[PDB]
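Novice: Supplied in structure tokens, the structure appears directly below.
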Amino acid sequence: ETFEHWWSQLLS
Amino acid sequence: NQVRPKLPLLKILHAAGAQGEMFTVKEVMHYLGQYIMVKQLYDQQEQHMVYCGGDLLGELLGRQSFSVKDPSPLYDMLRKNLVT
């Protein structure tokens, strides 16, 4: 996955 | 409803385009991700890998690297640098 994919889902 | 980042973290957020000193949790997370993205601290092949050695982010995290897939160190830094 991309950095954005991983980051956007922190705390989900 | 909002938190106040301690100075070391606020400078990093400002450098990512944050304005002000009071933010929501998601706001803090957004600018922090933009900081990492802009400065391209993540690896191109393993994008969950972030190398922060030699950057103020690494000095604040107490690490030369971390994985977004195991955010514990990130959340630990936030608990130490965000005030309700």
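Novice: Go through the range B:42-73 and give me each residue that's within 14 Å of another protein chain (Cβ to nearest Cβ) and touching a residue at least 40 places away in the same chain (Cβ under 8 Å).
Specialist: Selection gives B:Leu57 alone.
Novice: Also, quick follow-up: Quick one: B:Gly58 ticks every box in (1) in contact with a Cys (Cβ under 9 Å, 6 or more places away or on another chain); (2) at positive phi except a single one, so which number is it?
Specialist: (2)
Novice: Restricting to the range B:18-41, and then to whatever is more than 12 Å from every other protein chain (Cβ to nearest Cβ) and surrounded by 15 or more Cβ atoms within 10 Å (Cβ to Cβ), can you tell me which residue is nearest to A:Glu1 (Cα to Cα)? Spell out how you get there, then give the answer.
Specialist: Initial filter on the range B:18-41 (more than 12 Å from every other protein chain (Cβ to nearest Cβ)): B:18-23, B:27.
Cutting the leftovers down to surrounded by 15 or more Cβ atoms within 10 Å (Cβ to Cβ) gives us B:18, B:23, B:27.
Numbers: B:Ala18: 26, B:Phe23: 28, B:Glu27: 23 Å.
By that ranking, first place goes to B:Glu27.
Novice: What number goes with the only condition from (1) over 12 Å from the mean Cα position of the chain (by Cα); (2) surrounded by 15 or more Cβ atoms within 10 Å (Cβ to Cβ) that B:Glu46 does not pass?
Specialist: Only one criterion is unmet by B:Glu46, namely (2).
Novice: Scan the range B:40-51 residue by residue and report those that are out of contact with any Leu (no Cβ under 8 Å at 6 or more places or on another chain) and outside any strand (DSSP E or B). Write out each step before concluding.
Specialist: Within the range B:40-51, the subset out of contact with any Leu (no Cβ under 8 Å at 6 or more places or on another chain) is B:40, B:42-49.
Result: B:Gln40, B:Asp43, B:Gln44, B:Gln45, B:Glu46, B:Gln47, B:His48.
Novice: Restricting to the range B:52-84, count the residues that are in contact with a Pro (Cβ under 9 Å, 6 or more places away or on another chain) and part of a helix (DSSP H, G or I).
Specialist: Within the range B:52-84, residues that are in contact with a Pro (Cβ under 9 Å, 6 or more places away or on another chain) and part of a helix (DSSP H, G or I) number 6.
We did not get these values from a lab; they are worked out from the coordinates using the rules stated. Virtual Cβ from ideal backbone geometry, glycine too; neighbours counted across all protein chains shown.
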